[PDB]
Amino acid sequence: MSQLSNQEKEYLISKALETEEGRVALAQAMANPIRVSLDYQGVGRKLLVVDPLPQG
Amino acid sequence: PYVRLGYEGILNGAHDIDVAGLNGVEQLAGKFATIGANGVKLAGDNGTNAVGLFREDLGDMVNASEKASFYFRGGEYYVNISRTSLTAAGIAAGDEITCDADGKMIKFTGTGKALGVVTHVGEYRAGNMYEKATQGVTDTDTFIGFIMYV
Amino acid sequence: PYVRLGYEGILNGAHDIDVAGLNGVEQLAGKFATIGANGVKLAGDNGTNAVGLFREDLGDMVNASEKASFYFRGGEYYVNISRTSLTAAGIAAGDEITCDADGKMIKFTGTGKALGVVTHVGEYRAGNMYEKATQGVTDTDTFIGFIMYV
Amino acid sequence: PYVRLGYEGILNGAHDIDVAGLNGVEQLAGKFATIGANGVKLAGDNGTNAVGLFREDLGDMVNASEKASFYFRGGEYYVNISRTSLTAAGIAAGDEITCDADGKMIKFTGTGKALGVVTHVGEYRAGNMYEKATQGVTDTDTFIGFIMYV
Amino acid sequence: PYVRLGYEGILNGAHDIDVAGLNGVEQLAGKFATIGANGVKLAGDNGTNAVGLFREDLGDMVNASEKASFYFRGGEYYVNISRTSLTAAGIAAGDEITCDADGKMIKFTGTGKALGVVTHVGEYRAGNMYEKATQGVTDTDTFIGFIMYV
Amino acid sequence: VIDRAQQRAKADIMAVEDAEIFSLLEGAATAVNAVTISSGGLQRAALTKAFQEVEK
Amino acid sequence: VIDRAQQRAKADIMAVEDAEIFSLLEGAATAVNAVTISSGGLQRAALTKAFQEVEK
C-alpha cells in the first residue's frame, strides 16, 4: 500500500530498472567439446576400421 | 478508521450469468482466469465486479477491468458460458475459461459512463476523450457496481 | 453503388437484419447518431435507412454508410441493432443508440455464394453477390432461398 | 519423404471447411478480415493465401497481430484455412473465414508449436511465453526444425 | 523367384524373404548402411542409388554397387530386402538392411510413369522403353515411391 | 527484516502485497533422492544438483 | 551445437551423417561392473571398464 489511508495502484509505474534482463537457465547436454576437434580439408570423410581379429 | 476498497477486501457476492438473454454453448477462443490482468497470482486490482466483466491488459488472461476505454474490442466485453465465478475478483477461477458473446448480464465498476480511461484500482472514470464507445445499457447514467444487460 | 432512398422496408423479417435473435459474435457498443447520407433525408429529422447498413466513424459516431462497391480491399459491415432480441432500430437526431456488427443470419438469392452482405449502402440482406467470388463452397447446401450466416 | 527427394515448396491444406452458426467468439464462424472498405474479389476470381496469427476485433472482424506494447485483444490466436481459395490453406482478406489450428504448410519466419503469441514488434511466434496463462491455441502438425506456417 | 504374387512393403511369401539362403542372404540382426536409408532422413538424395543395387561389405557395413556404362545385367541385379520408405531416398525407412537378389520389392523414381529405362547416373529410372531395358517383371508403373515387384 | 522475508517467500497474501515467489518456482526434484537416503544426505545431494542445472 | 550432440549420440542408427556410439558398438557386459542396487556403485565400477578394451 502506498497510502496509510488504504489504496493501491499496481499498474502506474516509474523508475524501472532491470526489465527484460531475465533468463531461463539450461542444463548442459553438449557432446561437441567432449570429442576431439581438428580442422581438415575435404568435402567428405572416408574412414577404415578394424573388425574382430581371429583368436584361438 | 481505515477501509479497503477493491483488491480482494470487498465482498460483492455472486450473480448468475445464464440469466437474461440468449445463452450460447461451450467452445474455444477463450482466455485464462487468474488474479491480475497481466499480473500473477496474489497480485491484481479488482473492481466491484463479481460475476461479469474482465478485460485483458497484456497476455490472454483475464481479471477485472484494465484496458483503454476509448476503444473496446475483442467481441463484446467477454462473458462466461456455463460456469459461474465463485470469486469476487470479477473472474479468477484458476481454470482456462471458455467464453461467449451472446447477450448476457454483467457487473460493472466505476462511476459514470465508460468512455474514458482506467484508474488503476480497477475502475472507469471520465478521460479527455468523450463520445467514445460505451458498455451495455445506454441512455441511462451508469454508476459504480451497476447491473447492465449487454 | 450509393443506392437506397430513405427508409427500409419489411420483407421476410427485417429486425436483427431478418429474424434470428442474438447469435454470432456481437459487441454492442452504443454511441451517438449524426444524420444519414446517400439516400433521401440527408439532413433533418430521421436518417437514411432504418435497419440497413450503417458505418462507424473514427470519433465513434454512427450514421449511414459512406462506403460503397470498393473491391480488393478489406471487409467492414456494421448494422445498428438494439439490445433486445428481435428488435433493431436506426439513427435518430441525437441520443445514444446501441449498435452491433454482423453475426446475424440474412437471406441469399441466386446460385452464387455470399461472402457477406451488399457492398453498397443500405439493405438488411445479401443480394445475389456476383460482386464477390463464386469460388469454393462457402456456407453448405447452397440453393435459392437458403438462409446464409454472415 | 519418398524416393528422389522429400517435401519441397508449398503443400496442400484442407479446402472448403465450412463452419457456420456458432454462438461464441470463435474465428471458425464465417466472418471477415477487416482493414476497412468493402470486401474482395469479383466472380470467378480465386483468393490468395496468407498465414500468420490474427486476432479478433470489435464486432465479427479479425485483423493481424501487432505489438505487445499495445493491449492483447480477442480470444485465441488462430491461422487461416481455405473455403473461397481453391489453393492450399489460407484465405484472402475480406471473405468469410474459417480458421483452424491447421495451416499446412506455407513457410513464414519462426514456428507455431505449443501455442503462439505476439512478440513486442508484431511478428508471430510460438510459445512458451506465459507459463501462468493460456495463449491462443494453434497446435501445429508435425513439421519441426524447418520453416513453416506459424 | 519367378512366381507372380508381388505387392506390399513386406510380404512373408517365398523368395520375398530369405533369412539365410534362397537367392540372397539375410543376417539375424542386419548390418547398417553407410550409403542409403539408415536412420530417418527428412530430406536428401543420400548420394547415388535409390533403386536398390547395394552389396554388403565386411563387418557391419553395406556399401555401393552399380553397373558399368552401356550395359545392364541379363542376370539378377542386387536389390535390398523389401521395406517401406518414410525417408527421402534409400530403400529402408531407417532400418538396417541386407542385400539380396531379385524377388524383393523396391521403390522406383524418375520423370516418367511408363515402362522402365536404364540410366548411367548409377540408377535406373522411369521413362518409356524403346532401346533401354525395363526393370522388374511387373515393369515400371511408378508414380514415385510406388511398390514395384522385381 | 523478519516480516519482509516471510511475505516475499510466502506467508499468506490477500492480494494486496508482493507475489508468492516460493509457489511459482520449480517443483520437487525426485532424481536427487536415491530412495531411502538420509535427510542430511538430501541437502548435500541437492547442492550438486543445482550445479548440474547451471544456476549459481 | 546441441543438434550435433543429438545426432552424435542417438537417431535410430546413424552413419550416413554423424557416426553414433550405438551404431558403432560391439560387446558390452554388465557382469564386469558387477551388479548393484545403488546408482553410485555402478558408476564407481564403470571407470575401470575402458581400461579392459585397451583405451585410457
# chains A, B, ... in the order shown; residues from 1 in each chain; ligands from 1

$ calpha_fit_rmsd --fixed "chain B" --moving "chain D"
9.8 Å

$ residues_around --residues "stretch 3-5 of chain E" --least-positions-apart "4" --cutoff "12 Å" --atoms "only C-alpha atoms" --output "PyMOL selection string"
chain E and resi 10-16+102-105+136-138+148-150

$ residues_around --residues "stretch 40-53 of chain A" --least-positions-apart "4" --cutoff "12 Å" --atoms "only C-alpha atoms" --output "list in words"
residues 34, 47, 57, 58, 59, 60 and 61 of chain E; 15, 16, 17, 18, 19, 24, 25, 26 and 27 of chain G

$ calpha_fit_rmsd --fixed "chain G" --moving "chain F"
2.8 Å

$ closest_atom_pairs --of "chain A" --to "chain G" --cutoff "9 Å" --atoms "only C-alpha atoms" --output "Markdown table"
| residue | atom | partner | partner_atom | distance |
| --- | --- | --- | --- | --- |
| A:29 | CA | G:2 | CA | 6.8 |
| A:30 | CA | G:5 | CA | 5.6 |
| A:31 | CA | G:5 | CA | 4.9 |
| A:32 | CA | G:5 | CA | 6.3 |

$ decode --residues "stretch 29-41 of chain E" --atoms "N, CA and C atoms" --output "PDB file, in the first residue's frame"
ATOM      1  N   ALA E  29      20.422 -59.850 -37.630  1.00  0.00           N
ATOM      2  CA  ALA E  29      20.312 -58.571 -36.942  1.00  0.00           C
ATOM      3  C   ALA E  29      20.538 -57.411 -37.868  1.00  0.00           C
ATOM      4  N   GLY E  30      20.771 -57.732 -39.130  1.00  0.00           N
ATOM      5  CA  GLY E  30      21.226 -56.842 -40.190  1.00  0.00           C
ATOM      6  C   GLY E  30      22.678 -56.341 -40.054  1.00  0.00           C
ATOM      7  N   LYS E  31      23.077 -55.580 -41.068  1.00  0.00           N
ATOM      8  CA  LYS E  31      24.251 -54.709 -40.971  1.00  0.00           C
ATOM      9  C   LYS E  31      23.674 -53.348 -41.365  1.00  0.00           C
ATOM     10  N   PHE E  32      24.359 -52.216 -40.863  1.00  0.00           N
ATOM     11  CA  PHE E  32      23.808 -50.829 -41.107  1.00  0.00           C
ATOM     12  C   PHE E  32      24.488 -50.371 -42.344  1.00  0.00           C
ATOM     13  N   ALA E  33      23.769 -49.453 -43.054  1.00  0.00           N
ATOM     14  CA  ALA E  33      24.076 -48.918 -44.355  1.00  0.00           C
ATOM     15  C   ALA E  33      24.723 -47.669 -44.025  1.00  0.00           C
ATOM     16  N   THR E  34      25.900 -47.364 -44.662  1.00  0.00           N
ATOM     17  CA  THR E  34      26.547 -46.106 -44.590  1.00  0.00           C
ATOM     18  C   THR E  34      26.178 -45.401 -45.947  1.00  0.00           C
ATOM     19  N   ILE E  35      25.560 -46.051 -46.917  1.00  0.00           N
ATOM     20  CA  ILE E  35      25.006 -45.399 -48.063  1.00  0.00           C
ATOM     21  C   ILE E  35      23.546 -45.864 -48.019  1.00  0.00           C
ATOM     22  N   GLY E  36      22.591 -44.865 -48.004  1.00  0.00           N
ATOM     23  CA  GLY E  36      21.247 -45.052 -48.385  1.00  0.00           C
ATOM     24  C   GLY E  36      20.554 -44.872 -47.118  1.00  0.00           C
ATOM     25  N   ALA E  37      19.337 -45.299 -46.972  1.00  0.00           N
ATOM     26  CA  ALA E  37      18.489 -45.028 -45.801  1.00  0.00           C
ATOM     27  C   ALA E  37      18.940 -45.963 -44.729  1.00  0.00           C
ATOM     28  N   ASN E  38      19.224 -45.344 -43.482  1.00  0.00           N
ATOM     29  CA  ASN E  38      19.712 -45.993 -42.328  1.00  0.00           C
ATOM     30  C   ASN E  38      19.692 -44.892 -41.356  1.00  0.00           C
ATOM     31  N   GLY E  39      18.642 -44.926 -40.482  1.00  0.00           N
ATOM     32  CA  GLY E  39      18.156 -43.780 -39.763  1.00  0.00           C
ATOM     33  C   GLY E  39      17.234 -43.042 -40.620  1.00  0.00           C
ATOM     34  N   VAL E  40      16.488 -42.077 -40.043  1.00  0.00           N
ATOM     35  CA  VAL E  40      15.442 -41.443 -40.796  1.00  0.00           C
ATOM     36  C   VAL E  40      15.941 -40.130 -41.371  1.00  0.00           C
ATOM     37  N   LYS E  41      15.890 -40.094 -42.739  1.00  0.00           N
ATOM     38  CA  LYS E  41      16.151 -38.872 -43.474  1.00  0.00           C
ATOM     39  C   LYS E  41      14.846 -38.245 -43.634  1.00  0.00           C
TER      40      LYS E  41
END
